[PDB]
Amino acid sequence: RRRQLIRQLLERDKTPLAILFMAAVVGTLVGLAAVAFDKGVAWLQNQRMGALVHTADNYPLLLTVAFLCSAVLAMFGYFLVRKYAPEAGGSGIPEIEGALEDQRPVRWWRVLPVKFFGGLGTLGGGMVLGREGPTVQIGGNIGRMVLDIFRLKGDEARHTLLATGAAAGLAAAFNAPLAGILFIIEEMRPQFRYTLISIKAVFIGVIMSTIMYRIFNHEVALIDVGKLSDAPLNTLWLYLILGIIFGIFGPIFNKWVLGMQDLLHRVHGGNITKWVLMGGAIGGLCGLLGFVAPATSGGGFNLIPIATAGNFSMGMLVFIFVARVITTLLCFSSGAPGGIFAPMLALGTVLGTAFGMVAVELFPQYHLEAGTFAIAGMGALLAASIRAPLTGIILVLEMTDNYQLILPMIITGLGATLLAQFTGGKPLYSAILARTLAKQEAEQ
């Protein structure tokens, strides 16, 4: 196989100029789409705040329009899903993972407007769900759309522009080019066999995406956490312990999401009307909570900087974790459109923060900042539930810019994946793609 290799080695990294140029087009569109989705979600969150001020006096009246406003956007969001694109329910990452395995269709004439407007409903409603879901799926669909439209032939191209769309989609959601590129080549591409995905092409797509997000979102980070302290070698072992804690919690959380998926399916049975109604119910609870306890609802990015800063009481940190596990499960396992990726960042941060606080009081010889532990914890549920540690690590890095915590981040994440393996849990995105592929055979 030697002579073939020599031929192959000499022909390496020669992506067809067509695919390279098209990567740039996919990037650019995904980016603008992502920017819009973001700007849309923000506008609805804002009109909702403008309603609570038009009725800021009558608390029971105000507690009502807080509920209804979400409920309507929730329902409308669930409705676009169940009626026109069932594949746009849930995250949007198993579905494009499916598409990379050539085992799920990319119906872009339906998913684009369903994911976009349906997500705009759930997120803009104030539900506990992340933009990644929508942007990744949207991005890949936009990937497919420019494939079809220019009728590019080849396996390389289909897989490439599909992958580029998802990577440009993740990048634009977090202002995280490296994490987008990495996510594809760690999680997203097909895991069990070879593929022809030009990394350089995913690259170009991602760049263009990130430049578009930059044209419209310059000067304000999603997460400013400032420059935290260092970690001395004698402190490293504590991070292993935090990893192990995520590691056994990872799989447990995974069960609750799959389990809740089932338990919630009972309530509506498949029925579009019960389902939509159950959507406005969960939706409204979030709009409500988003007023009376805003750290238990929404994206959770706001409470990231706070937990890292030490401005939360252990009691509040325990409250926020428990509550959010509850609302994360409700919002995602109910099948609304939207990711579960970003909400795992908040759950991560909170849990680590609290660990840091206990680490500070038990160990003053160490000179701890509980904030280093929050930051090692932020990508850690990503590690133990999604089993994409290399991506959560680089993603947290890009968002928090605390490179001195590298060793700490890597060790925590790693400890989490190891214990997630060892206690019999599985990558959450893969376990979802599976039940969906298996239902695509059970009813046959």
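A residue's number is simply how far along the shown sequence it sits, counting from 1.
Novice: Quick check: 266-274 versus 144-152, which has the larger average CA B-factor in the record?
Specialist: Per the PDB entry, the higher value belongs to 266-274.
Novice: Higher average CA B factor in the deposited record is what I'm after, so tell me if that's 61-69 or 381-389.
Specialist: Mean B over CA atoms: larger for 61-69.
Novice: Have a look at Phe183, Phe174, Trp237, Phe216 and flag the one whose Cα has the highest B-factor in the entry.
Specialist: So the option with the highest C-alpha B-factor is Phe216.
Novice: Between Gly226, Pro294, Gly338, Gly139, which one tops the list for C-alpha B-factor in the PDB entry?
Specialist: Highest CA B-factor of the listed options: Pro294.
Novice: When the modelled residues of the chain are sorted by Cα temperature factor, does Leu120 land in the lowest, middle or highest third?
Specialist: For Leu120, the deposited C-alpha B-factor lands in the lowest third.
Novice: Which third of the chain does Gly50 land in by C-alpha B-factor: lowest, middle or highest?
Specialist: Highest third.
Novice: Comparing against every modelled residue in the chain, figure out the third that the C-alpha B-factor of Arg324 lands in (lowest, middle or highest).
Specialist: For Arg324, the deposited C-alpha B-factor lands in the middle third.
Novice: Hey, what third does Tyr366 fall into on Cα B-factor, ranked over its chain?
Specialist: Middle third by C-alpha B-factor.
Novice: Looking at the C-alpha B-factor of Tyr84, is it in the lowest, middle or highest third of its chain?
Specialist: Tercile = highest for this residue's CA B-factor.
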